[PDB]
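First comes the structure, then the notes that go with it.
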Amino acid sequence: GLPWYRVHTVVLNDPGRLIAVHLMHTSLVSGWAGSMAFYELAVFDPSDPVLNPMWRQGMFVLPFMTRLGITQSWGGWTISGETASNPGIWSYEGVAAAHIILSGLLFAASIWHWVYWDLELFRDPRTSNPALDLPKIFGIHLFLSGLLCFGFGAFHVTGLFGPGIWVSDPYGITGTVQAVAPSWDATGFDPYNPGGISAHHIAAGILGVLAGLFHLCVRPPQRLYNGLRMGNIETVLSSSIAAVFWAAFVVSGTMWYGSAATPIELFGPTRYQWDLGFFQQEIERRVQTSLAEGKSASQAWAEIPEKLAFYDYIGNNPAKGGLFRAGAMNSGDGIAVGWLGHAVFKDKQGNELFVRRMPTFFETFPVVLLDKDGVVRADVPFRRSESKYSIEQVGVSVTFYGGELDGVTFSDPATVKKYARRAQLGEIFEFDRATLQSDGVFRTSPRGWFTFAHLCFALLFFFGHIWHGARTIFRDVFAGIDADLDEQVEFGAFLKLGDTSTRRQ
Amino acid sequence: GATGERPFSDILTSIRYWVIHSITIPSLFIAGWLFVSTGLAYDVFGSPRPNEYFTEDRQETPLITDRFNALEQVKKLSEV
Amino acid sequence: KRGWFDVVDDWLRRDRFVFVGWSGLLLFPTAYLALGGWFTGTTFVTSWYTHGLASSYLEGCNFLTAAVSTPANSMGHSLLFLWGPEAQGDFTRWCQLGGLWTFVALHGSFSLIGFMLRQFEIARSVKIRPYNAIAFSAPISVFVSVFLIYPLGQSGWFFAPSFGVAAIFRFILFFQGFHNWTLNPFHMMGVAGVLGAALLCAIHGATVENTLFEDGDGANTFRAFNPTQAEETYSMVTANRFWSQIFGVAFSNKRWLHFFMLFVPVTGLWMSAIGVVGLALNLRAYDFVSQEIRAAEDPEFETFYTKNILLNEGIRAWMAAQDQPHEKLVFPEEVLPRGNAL
Amino acid sequence: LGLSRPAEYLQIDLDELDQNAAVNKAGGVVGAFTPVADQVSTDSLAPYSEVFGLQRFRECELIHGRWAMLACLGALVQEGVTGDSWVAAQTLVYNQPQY
Amino acid sequence: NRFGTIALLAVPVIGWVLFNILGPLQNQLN
Amino acid sequence: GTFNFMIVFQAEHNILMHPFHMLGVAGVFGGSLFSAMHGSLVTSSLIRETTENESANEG
Amino acid sequence: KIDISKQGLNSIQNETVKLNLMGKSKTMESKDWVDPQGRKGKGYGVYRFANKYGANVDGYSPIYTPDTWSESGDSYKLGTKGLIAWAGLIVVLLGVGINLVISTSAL
Amino acid sequence: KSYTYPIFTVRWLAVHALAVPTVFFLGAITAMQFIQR
Amino acid sequence: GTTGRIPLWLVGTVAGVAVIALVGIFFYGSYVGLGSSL
Amino acid sequence: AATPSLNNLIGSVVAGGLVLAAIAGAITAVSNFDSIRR
Amino acid sequence: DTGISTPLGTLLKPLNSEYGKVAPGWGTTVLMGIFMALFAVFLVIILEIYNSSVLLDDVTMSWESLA
Ligand code: CLA
Ligand code: CLA
Ligand code: CLA
Ligand SMILES: CCCCCCCCCCCCCCCC(=O)OC[C@H](COP(=O)(O)OC[C@@H](O)CO)OC(=O)CCCCCCCCCCCCCCC
Ligand SMILES: CC1=C(/C=C/C(C)=C/C=C/C(C)=C/C=C/C=C(C)/C=C/C=C(C)/C=C/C2=C(C)CCCC2(C)C)C(C)(C)CCC1
Ligand SMILES: CC1=C(/C=C/C(C)=C/C=C/C(C)=C/C=C/C=C(C)/C=C/C=C(C)/C=C/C2=C(C)CCCC2(C)C)C(C)(C)CCC1
Ligand SMILES: CC1=C(/C=C/C(C)=C/C=C/C(C)=C/C=C/C=C(C)/C=C/C=C(C)/C=C/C2=C(C)CCCC2(C)C)C(C)(C)CCC1
Ligand SMILES: [Fe+2]
């Protein structure tokens with residue numbers, strides 16, 4: 001009998017049951033989408049979108065729903081923290097219900113197509129045998145894909161008919177769903193330009209329509225037909241697997257490095273925004289601008305938004321998690337509730353000291369305090385028998401500007417050490433570790449989870465492409481080689497390898 | 001059998017072969033020796049001579065910090 | 001054969017001492033360039049300006065300590081072309097900036113692609129099945145995940161392996177200290193696959209060589225064989241009975257035996273590749289939270305896992321200063337973790 | 001370019017995809033095959049016998065030309081009457097239908 | 001001049017090889 | 001415990017730089033290489049004795 | 001199936017080496033042959049199925065066939081004058097090389 | 001019989017492309033051994 | 001002109017002696033000069 | 001305008017095309033010079 | 001045993017009627033190769049733009065281009 005790994009090959013030469021199994025797969029995928037949306041809606045807390053955003057609660061499909069212009073729910077709330085005004089049919093719950101209904105309809109269609117498999121549409125008129133004309137089917141499907149791409153990019157993204165896409169400022173503080181106009185110059189290839197998205201979809205749709213018409217009109221060459229085995233469907237499978245793993249690599253890279261299609265306000269900051277001082281440089285620039293305007297240090301530090309401070313956190317860094325640390329970051333660090341303030345460390349003589357921030361690589365980092373010239377001035381020693389930079393010797397104190405602890409100065413060495421330990425992670429915040437019983441270990445974001453999963457899928461699908469291409473090219477020897485295969489494999493028997501018409505030398 | 005080339009055992013035991021190759025191999029060996037000894041190896045590939053590891057300007061290890069000014073930075077670091 | 005394609009295919013797929021084929025045009029130039037780049041980098045090019053070391057025979061290194069070093073971390077993930085906006089056409093300064101590493105890696109990947117294509121082409125010319133070409137996917141995946149995907153998910157090419165012996169040893173020790181790579185289940189599967197493949201090779205060789213048939217009168221049994229013969233040269237029944245009475249289970253199918261031989265190392269290498277892909281984003285199975293919490297609450301609880309954690313901490317703290325010059329880590333001697341009297 | 005030249009094709013036999021057979025070879029050439037074009041049938045989705053035919057090309061050319069004549073005259077007349085460019089007229093009518 | 005010395009060293013090698021192999025090479029060419 | 005043994009052994013004897021450890025690593029890597037090579041070569045030359053709905057092991 | 005005479009092993013002077021290369025040994029086919037340790041022979045010879053398959057593996061894929069060797073190459077065409085020219089050239093080149101090595105170094 | 005073989009073939013180029021640089025590099029490395037720091 | 005060939009065992013002996021001498025030179029140079037720790 | 005990096009990119013593309021053309025021309029030349037007469 | 005007749009199947013029947021019809025010879029392979037070469041050049045250009053191996057005046061290639 002058939003081995004357990006060859007069961008699904010019964011529908012290789014059955015177009016009706018191939019359609020049936022594809023319909024079943026589509027039904028399962030739609031059902032998963034609807035159920036996941038409902039489950040995420042049942043556990044989402046939209047009370048605070050500033051310090052408890054979407055990405056801190058481990059939401060996967062909700063940012064993907066929000067990216068295309070869905071922000072309201074039947075529950076009366078809005079993803080921006082406002083009040084819903086006539087949510088309409090297309091809310092989160094509406095979309096989930098639509099996906100569920102679609103899955104049911106696809107299930108019914110799959111049943112119908114499995115039962116009725118002997119349609120005469122699938123027969124070859126010349127021989128009355130089941131067959132498919134793959135080049136023309138590819139032409140039809142390419143035409144439809146180009147039409148859909150053009151329609152999306154022209155009506156949805158541009159706002160002519162659809163809502164638009166999510167656009168935000170570079171620091172992810174003020175971001176809403178807007179309508180973006182196409183960009184046709186060289187700036188349309190900037191990965192941080194939504195006009196590039198609109199222009200790409202329009203142009204690619206037009207080219208797809210033109211190529212679909214070409215493939216509908218022109219027959220494949222005989223040499224290419226024989227070489228690529230266009231009468232087989234496994235060649236289509238291999239080529240499609242190659243295309244999808246290429247796309248998986250591209251989307252994984254785009255999500256990891258960040259682009260205009262992956263907003264940080266929806267997915268989370270990237271590791272390069274932390275290891276390059278993006279938000280820290282912005283905060284320092286804003287503070288210096290306020291200070292130059294004849295304002296005190298506390299006044300300058302009190303106008304920094306809590307969102308900008310929260311973005312400057314190695315806990316929010318996506319490259320600080322673990323493979324088996326399940327759940328949201330709220331399950332590992334606690335729900336943030338307030339910004340303590342900017343901790344300023346001063347020497348006994350008044351000189352400022354700065355804590356060396358902990359790099360992304362290190363799980364644990366030593367605590368050292370540097371001055372403005374980068375020289376070490378204080379640290380928390382490991383060997384306390386002899387010390388030269390001890391905090392007790394130097395006499396370091398910490399003062400907070402802005403935030404919850406504005407104007408409070410700590411001089412106790414234990415408290416100074418404790419606050420210098422938290423300055424490594426960036427901006428000191430207040431967390432609620434009792435609501436969810438948080439462990440105390442950092443976790444990763446949907447950005448990291450997406451990148452990991454799709455890289456693994458891309459590698460496995462590379463193997464799948466190799467296997468299926470080898471199987472479709474080497475199809476006649478799938479059961480074994482010929483009984484007598486010795487004359488063709490004799491060294492120096494023919495001038496050409498495997499050619500029996502060149503017997504010499 | 002044979003793919004249509006002279007056997008290696010036939011070639012390697014030939015007076016002609018060992019007369020031609022009594023010049024080429026030593027010539028290449030001497031060419032490599034002269035390439036190293038004349039200082040060409042240091043200049044072509046930019047390796048530091050034992051006296052050029054540390055200059056009077058800097059007594060620490062070199063460090064390149066700029067990606068687009070990397071050419072000028074490595075030109076400055078290599079100054080003797 | 002009259003067309004251009006036909007005559008070119010006639011010449012390329014000729015019976016020769018060295019088979020060229022259509023894939024030779026991609027394999028031979030890239031492989032030659034990669035080998036030459038490695039040899040040139042290990043013999044003449046240094047690593048003083050990009051890493052702060054010496055990595056050439058010209059500077060006084062042997063075969064073990066010579067390597068082609070990765071670019072500096074400032075260059076990020078730049079492809080570092082000879083004509084790029086960093087080297088700007090200067091060959092000596094391109095070599096000094098670390099452009100030979102990217103040269104070697106980018107040519108080696110295409111050489112691997114060409115070699116699998118050559119395997120496919122030769123298999124099709126001889127009219128056999130492409131299982132040898134399928135088996136090369138495991139080495140190709142290992143190379144792709146270790147040398148490309150892992151650095152592409154990090155700060156730059158600086159954290160990629162360097163083409164050398166001691167450089168690879170440093171890479172391994174870094175992976176232990178920072179990632180706790182030994183505690184990764186995917187690496188455990190890879191180790192199991194490699195060791196099982198070695199076991200299978202040794203046991204199959206010994207079993208075949210010790211169940212031979214008497215086809216001659218001489219003590220030298222290598223001369224009692226002919227490749228075109230029909231009968232098998234060893235006793236499968238005797239081998240099966242021996243291993244059934246010694247071990248408990250034994251093979252009774254030669255085809256299944258040899259497919260298992262093919263299957264084990266490929267699966268092991270693929271699992272290790274998946275593990276390294278996961279590790280590229282610092283998604284490391286580093287710790288057990290229950291054990292950490294118990295050891296924190298109870299100062300008497302100790303296992304080997306905690307000792308390994310302390311060893312990793314020491315490795316990180318003492319290697320960080322020199323392994324990563326860009327971070328400019330200055331560590332006073334009293335902050336480095338240390339034991340008693342050691 | 002000879003787009004109306006009577007095209008010649010080839011017929012490739014069906015690939016053997018039987019799972020119950022030991023050898024499943026690819027499809028060979030059945031024979032040369034030159035179709036006859038410019039024949040209309042009751043298909044409603046492909047009435048003509050072949051795409052590359054002189055009569056079908058003539059019909060396409062005539063339809064294209066009639067549409068182009070109407071388009072040119074209409075663009076000129078609308079631009080003269082309304083004063084808006086024929087490109088901006090589409091957006092203007094979309095925002096507020098008018099004539 | 002340093003490369004010129006190596007080229008001048010390599011010239012007689014090519015001369016000798018051509019002197020020893022020209023005959024059979026021409027025979028093979030025809 | 002095995003991992004701890006390996007790490008302490010490296011810290012005290014520098015096993016990675018030992019030629020005998022290099023020979024052992026070459027042994028295991030070559031064993032895997034040759035096992036895969038032999039298995040693939042034997043699996044690629046099977047004589048046809050079955051159909052496409054059953055495995056060659058039944059052949 | 002295999003003709004031993006057509007395997008290109010007929011141009012070997014040493015009879016024992018010639019027999020070794022074809023995978024043949026006249027001594028071992030005798031029923032009274034005894035090897036060094038003292039074990040009798042069954043008359044198989046080097047290979048049991050030598051008659052069925054023509055020859056052994058040694059007689060199937062030899063790696064030393066003097067018959068296929070080129071007729072030329074066993075005699076130097078350039079003769080004694082060529083050897084004298086070669087000797088002069090090698091002496092001159094050795095002198096030039098040692099002079100260049102000494103001069104370019106630090107004595 | 002008489003056997004005549006070509007002098008220059010694909011095998012010739014394949015052998016020499018790996019043999020010539022090997023000897024050049026070996027000479028360079030041998031020269032490298034006598035350099036004093 | 002000059003009939004005769006060169007013994008293959010002689011060729012092998014000379015090649016082996018040459019490679020052994022090269023390796024010995026490499027080891028000696030490892031014990032003195034550059035990269036000799038003194 | 002066009003930056004020097006763009007000029008280098010275009011030159012690299014042209015050089016790759018030249019390398020491909022040279023390889024193809026050499027292969028065609030040797031294939032035509034030495035053919036198989038069936 | 002022709003099959004199962006259906007109005008939609010009869011409507012879509014001409015779209016699945018020419019199974020093995022091919023253009024003799026190499027056909028339009030050279031044109032497709034030209035398009036493939038253009039696609040490869042375009043992919044190289046955009047990859048170098050993202051990789052910062054090519055620098056353009058108006059292309060910021062940073063998060064600041066969202067301003
Ligand atoms: C890793 C090696 C690898 C191997 C051995 C194969 C092997 C195979 N491929 Mg797959 N493939 C691969 C990777 C690989 N592929 C990649 C990365 C893609 C892109 C998604 C594809 C996409 C693909 C398609 C679309 C098809 C196949 C098919 C095939 C089959 C034969 C046809 C073939 O030779 O295509 C040629 C494959 C190549 C990789 C060689 C081309 C070499 C490139 C062009 C190098 C040029 C260098 C570059 C431009 C330099 C500058 C770049 C720099 C800026 C970075 C065979 C199973 C064909 C088939 O028969 O399927 C049933 C087919 O339809 N493959
Ligand atoms: C055999 C194939 C081959 C392949 C696939 C590669 C592949 C690669 N090489 Mg190597 N190389 C080769 C042979 C090859 N090389 C040879 C023979 C040499 C001479 C020694 C070199 C020398 C070399 C150098 C010096 C460098 C590389 C590097 C690289 C990269 C080049 C990046 C680039 O932008 O390409 C160009 C882009 C392409 C997409 C070209 C394809 C364009 C198609 C053909 C269109 C043609 C259209 C055009 C407009 C018209 C031209 C035709 C007309 C002029 C006749 C890539 C990984 C770089 C490196 O590794 O950096 C780290 C680099 O620095 N290579
Ligand atoms: C794009 C979709 C795709 C499709 C439609 C196919 C289709 C097919 N494959 Mg290919 N394949 C793919 C991708 C795909 N493959 C990939 C990515 C790989 C690499 C892992 C392979 C590797 C592969 C092998 C090694 C083999 C096939 C074979 C087959 C055939 C039978 C499969 C079988 O019966 O399994 C039946 C499967 C089972 C009874 C249970 C498998 C359960 C797995 C282990 C995990 C559970 C999966 C989970 C529920 C869903 C996955 C989530 C999703 C993200 C992937 C069939 C033509 C077989 C063959 O060629 O036949 C002649 C075969 O031997 N395929
Ligand atoms: C006194 C005895 C001393 C030694 C005792 C040894 C005991 C171990 C024997 C294990 C047999 C299990 C085989 C299962 C599968 C089985 O039934 O094997 C039987 C299988 C039969 O082969 P056939 O040729 O009959 O198969 C025909 C094909 O058609 C199959 O599709 O033979 C093998 O594959 C041998 C390889 C065994 C490799 C086993 C290695 C050890 C496994 C890992 C152990 C983990 C322990 C965990 C503890 C917590
Ligand atoms: C009948 C009907 C209906 C209904 C329907 C329904 C109700 C449906 C549902 C559906 C559903 C509700 C579905 C679902 C699905 C799901 C799925 C399909 C899932 C899957 C999963 C998976 C596959 C996973 C995996 C994994 C794991 C396990 C772990 C980790 C890793 C991974 C991820 C791999 C209605 C009335 C409407 C209409 C009419 C008809
Ligand atoms: C870079 C580059 C390039 C290329 C180049 C080339 C391609 C080169 C080559 C090179 C080469 C190609 C080299 C080689 C070398 C070799 C060597 C150096 C060897 C050595 C050896 C040894 C040392 C040995 C040893 C031994 C003994 C004696 C005993 C036994 C064992 C053994 C075998 C290990 C070009 C210009 C294109 C472009 C730009 C860049
Ligand atoms: C052929 C061949 C080979 C070889 C090689 C070699 C390298 C060899 C060598 C050899 C040799 C190299 C030998 C030697 C020997 C020697 C001897 C045997 C000596 C002795 C001596 C004596 C006994 C002494 C004595 C004395 C005394 C004590 C006192 C005073 C006086 C006198 C000095 C007399 C090979 C492996 C490649 C391969 C195969 C073939
Ligand atoms: Fe075996």
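Ordering of the structure tokens sets the chain letters (A, B, ...); residue numbers start at 1 within each chain; ligands are numbered from 1 in the order shown.
The environment of residue 288 of chain A within 12 Å, counting only C-alpha atoms and disregarding residues fewer than 3 places along the same chain, consists of residues 281, 282, 283, 284, 285, 291, 292, 293, 294, 295, 296, 297, 299, 300, 301, 303 and 304 of chain A.
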Can you write just those residues out, N, CA, C and O atoms, as a short mmCIF file (atom, residue, chain, number, x, y, z; two decimals), in the first residue's frame?
data_model
loop_
_atom_site.label_atom_id
_atom_site.label_comp_id
_atom_site.auth_asym_id
_atom_site.auth_seq_id
_atom_site.Cartn_x
_atom_site.Cartn_y
_atom_site.Cartn_z
N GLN A 281 18.89 60.15 21.36
CA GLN A 281 19.32 61.37 20.68
C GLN A 281 18.16 62.34 20.51
O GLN A 281 18.32 63.55 20.71
N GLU A 282 16.98 61.82 20.15
CA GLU A 282 15.83 62.71 20.01
C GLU A 282 15.47 63.37 21.34
O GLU A 282 15.18 64.57 21.39
N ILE A 283 15.47 62.60 22.43
CA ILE A 283 15.14 63.14 23.74
C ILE A 283 16.15 64.21 24.15
O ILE A 283 15.78 65.28 24.65
N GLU A 284 17.44 63.93 23.95
CA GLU A 284 18.46 64.91 24.31
C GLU A 284 18.32 66.18 23.49
O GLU A 284 18.49 67.28 24.01
N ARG A 285 18.02 66.04 22.19
CA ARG A 285 17.84 67.22 21.35
C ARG A 285 16.66 68.06 21.82
O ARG A 285 16.75 69.29 21.90
N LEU A 291 15.94 73.80 26.96
CA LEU A 291 16.86 74.48 27.87
C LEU A 291 17.35 75.80 27.28
O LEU A 291 17.49 76.79 28.00
N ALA A 292 17.62 75.82 25.98
CA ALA A 292 18.08 77.05 25.34
C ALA A 292 17.02 78.14 25.32
O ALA A 292 17.35 79.31 25.10
N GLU A 293 15.76 77.79 25.56
CA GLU A 293 14.66 78.74 25.57
C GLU A 293 14.43 79.36 26.95
O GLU A 293 13.31 79.78 27.25
N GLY A 294 15.46 79.42 27.79
CA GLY A 294 15.34 80.02 29.10
C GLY A 294 14.43 79.27 30.05
O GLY A 294 13.59 79.87 30.72
N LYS A 295 14.58 77.95 30.11
CA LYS A 295 13.78 77.11 30.98
C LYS A 295 14.68 76.30 31.90
O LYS A 295 15.84 76.03 31.58
N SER A 296 14.14 75.93 33.06
CA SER A 296 14.90 75.15 34.02
C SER A 296 15.02 73.70 33.55
O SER A 296 14.34 73.26 32.62
N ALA A 297 15.91 72.95 34.21
CA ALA A 297 16.10 71.55 33.85
C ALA A 297 14.84 70.74 34.10
O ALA A 297 14.45 69.90 33.28
N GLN A 299 11.73 71.86 34.20
CA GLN A 299 10.73 72.25 33.22
C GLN A 299 11.02 71.63 31.86
O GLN A 299 10.09 71.20 31.16
N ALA A 300 12.29 71.60 31.46
CA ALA A 300 12.65 70.99 30.18
C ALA A 300 12.35 69.50 30.17
O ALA A 300 11.86 68.97 29.17
N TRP A 301 12.64 68.81 31.27
CA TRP A 301 12.42 67.37 31.34
C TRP A 301 10.96 67.01 31.60
O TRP A 301 10.60 65.84 31.45
N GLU A 303 8.38 68.23 29.87
CA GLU A 303 7.65 68.26 28.61
C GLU A 303 7.96 67.08 27.70
O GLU A 303 7.38 66.98 26.62
N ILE A 304 8.86 66.19 28.10
CA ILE A 304 9.12 64.99 27.30
C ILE A 304 7.94 64.04 27.43
O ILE A 304 7.55 63.69 28.55
#
Produce as a compact mmCIF listing (two decimals) with N, CA, C and O atoms, in the first residue's frame the set of residues near ligand 4, where near means within 7 Å with only C-alpha atoms and all ligand atoms considered.
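The file below, out.txt, is the result:
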# COMPACT_ATOMS: atom_id res chain seq x y z
N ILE C 246 23.02 -9.85 19.27
CA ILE C 246 23.88 -8.98 20.07
C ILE C 246 23.12 -7.77 20.60
O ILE C 246 23.13 -7.49 21.79
N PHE C 247 22.46 -7.03 19.71
CA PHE C 247 21.81 -5.77 20.07
C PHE C 247 20.34 -5.95 20.42
O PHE C 247 19.85 -5.31 21.36
N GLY C 248 19.63 -6.80 19.69
CA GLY C 248 18.21 -6.97 19.91
C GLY C 248 17.40 -6.70 18.65
O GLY C 248 16.42 -7.38 18.38
N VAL C 249 17.83 -5.70 17.88
CA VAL C 249 17.21 -5.36 16.61
C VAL C 249 18.30 -5.32 15.55
O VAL C 249 19.47 -5.09 15.84
N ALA C 250 17.89 -5.54 14.31
CA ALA C 250 18.84 -5.53 13.20
C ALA C 250 18.10 -5.21 11.92
O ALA C 250 16.87 -5.34 11.83
N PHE C 251 18.86 -4.77 10.92
CA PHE C 251 18.30 -4.48 9.61
C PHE C 251 18.03 -5.76 8.84
O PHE C 251 18.79 -6.73 8.93
N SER C 252 16.94 -5.77 8.09
CA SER C 252 16.65 -6.85 7.15
C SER C 252 16.39 -6.31 5.75
O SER C 252 15.97 -7.08 4.87
N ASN C 253 16.65 -5.03 5.51
CA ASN C 253 16.40 -4.39 4.22
C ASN C 253 17.59 -3.51 3.89
O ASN C 253 17.86 -2.54 4.60
N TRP C 256 16.42 0.09 2.99
CA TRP C 256 16.08 0.85 4.20
C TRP C 256 17.33 1.22 4.98
O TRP C 256 17.43 2.33 5.52
N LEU C 257 18.28 0.29 5.07
CA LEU C 257 19.55 0.58 5.74
C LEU C 257 20.21 1.81 5.15
O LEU C 257 20.58 2.75 5.86
N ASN F 57 11.88 -0.31 -0.63
CA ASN F 57 12.12 -1.29 0.41
C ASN F 57 11.27 -2.53 0.20
O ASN F 57 11.71 -3.65 0.48
N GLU F 58 10.04 -2.36 -0.30
CA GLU F 58 9.25 -3.49 -0.76
C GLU F 58 9.83 -4.11 -2.02
O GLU F 58 9.53 -5.27 -2.33
With 6 Å as the limit and counting only C-alpha atoms, what residues in chain I lie close to chain H? Please list them as a short mmCIF file (atom, residue, chain, number, x, y, z; two decimals) with C-alpha atoms, in the first residue's frame.
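Here's the written file out.cif:
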data_model
loop_
_atom_site.label_atom_id
_atom_site.label_comp_id
_atom_site.auth_asym_id
_atom_site.auth_seq_id
_atom_site.Cartn_x
_atom_site.Cartn_y
_atom_site.Cartn_z
CA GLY I 29 60.74 28.95 10.92
CA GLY I 33 61.94 34.64 13.70
CA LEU I 34 58.41 35.99 13.35
#
Practice task
Find the distance between atom 37 (C, counted along the ligand's line) of ligand 7 and atom CA of residue 6 of chain I and write it in Å to one decimal.
Solution key: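 A separation of 15.5 Å between them.
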Exercise for the section: Can you check which residues of chain F have any atom within 7 Å of chain C? Use only C-alpha atoms and format it as an MDAnalysis selection string. Expected result: chainID F and resid 1 4 28 31:32 35:37 39:45 57
May I have the residues from that selection written out with C-alpha atoms, as an mmCIF file, in the first residue's frame?
data_model
loop_
_atom_site.group_PDB
_atom_site.id
_atom_site.type_symbol
_atom_site.label_atom_id
_atom_site.label_comp_id
_atom_site.auth_asym_id
_atom_site.auth_seq_id
_atom_site.Cartn_x
_atom_site.Cartn_y
_atom_site.Cartn_z
ATOM 1 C CA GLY F 1 26.985 17.985 33.860
ATOM 2 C CA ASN F 4 30.134 21.658 32.577
ATOM 3 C CA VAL F 28 33.153 12.562 13.179
ATOM 4 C CA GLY F 31 31.999 9.910 9.194
ATOM 5 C CA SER F 32 28.844 11.961 8.695
ATOM 6 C CA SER F 35 27.611 8.030 5.669
ATOM 7 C CA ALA F 36 25.465 10.529 3.772
ATOM 8 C CA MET F 37 27.527 10.032 0.609
ATOM 9 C CA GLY F 39 23.535 6.262 1.556
ATOM 10 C CA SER F 40 22.721 8.718 -1.221
ATOM 11 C CA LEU F 41 24.809 6.863 -3.814
ATOM 12 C CA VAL F 42 23.213 3.518 -2.973
ATOM 13 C CA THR F 43 19.706 5.008 -2.897
ATOM 14 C CA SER F 44 20.347 6.637 -6.295
ATOM 15 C CA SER F 45 21.201 3.383 -8.114
ATOM 16 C CA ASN F 57 12.120 -1.292 0.410
#
Practice task
Write out as number ranges by chain every residue belonging to chain C that has an atom at most 12 Å from any atom of chain J, counting only C-alpha atoms.
Solution key: C: 1-15, 20-22, 24-26, 29, 81-89
For C-alpha atoms, I'd like the residues from the last selection saved as a short mmCIF file (atom, residue, chain, number, x, y, z; two decimals), in the first residue's frame.
data_model
loop_
_atom_site.label_atom_id
_atom_site.label_comp_id
_atom_site.auth_asym_id
_atom_site.auth_seq_id
_atom_site.Cartn_x
_atom_site.Cartn_y
_atom_site.Cartn_z
CA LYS C 1 23.13 19.41 -33.67
CA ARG C 2 23.15 22.62 -35.72
CA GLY C 3 21.96 25.41 -33.42
CA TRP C 4 24.15 27.49 -31.15
CA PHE C 5 22.55 25.96 -28.06
CA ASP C 6 23.01 22.46 -29.48
CA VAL C 7 26.71 22.87 -30.29
CA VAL C 8 27.40 24.57 -26.95
CA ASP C 9 25.61 21.74 -25.13
CA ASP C 10 27.59 19.20 -27.16
CA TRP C 11 30.89 20.74 -26.08
CA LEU C 12 29.93 21.47 -22.47
CA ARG C 13 28.46 18.04 -21.66
CA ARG C 14 31.41 16.14 -23.11
CA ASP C 15 33.05 13.03 -21.68
CA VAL C 20 32.42 20.95 -17.12
CA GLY C 21 28.71 20.95 -17.93
CA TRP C 22 26.38 23.92 -18.09
CA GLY C 24 30.56 24.68 -14.67
CA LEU C 25 30.22 28.26 -15.90
CA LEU C 26 28.83 29.16 -12.46
CA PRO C 29 34.98 30.73 -11.60
CA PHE C 81 32.17 45.94 -3.14
CA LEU C 82 35.56 46.89 -4.55
CA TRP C 83 33.77 49.82 -6.24
CA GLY C 84 31.43 50.61 -3.35
CA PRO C 85 31.12 53.87 -1.44
CA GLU C 86 33.64 52.66 1.18
CA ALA C 87 36.65 51.24 -0.67
CA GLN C 88 35.98 53.43 -3.74
CA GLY C 89 38.13 51.36 -6.08
#
Practice task
Pick out the residues sitting within 12 Å of residue 42 of chain B, and hand them over as a list in words; count only C-alpha atoms, and ignore anything fewer than 6 positions along from it in its own chain.
Solution key: residues 35, 36, 48, 49, 50 and 52 of chain B; 43, 44, 45, 46, 56, 57, 58, 59, 92, 95 and 96 of chain C; 32 of chain H
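If you take only C-alpha atoms and a cut-off of 8 Å, the residues of chain I that reach chain C are residues 30, 34, 35 and 36 of chain I.
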Counting only C-alpha atoms, what are the residues of chain H within 7 Å of chain G, and for each of them which pair of atoms is the nearest and at what distance in Å, to one decimal? Sort the table by chain and rising number, as a Markdown table.
| residue | atom | partner | partner_atom | distance |
| --- | --- | --- | --- | --- |
| H:2 | CA | G:71 | CA | 6.0 |
| H:3 | CA | G:70 | CA | 5.0 |
| H:4 | CA | G:70 | CA | 6.0 |
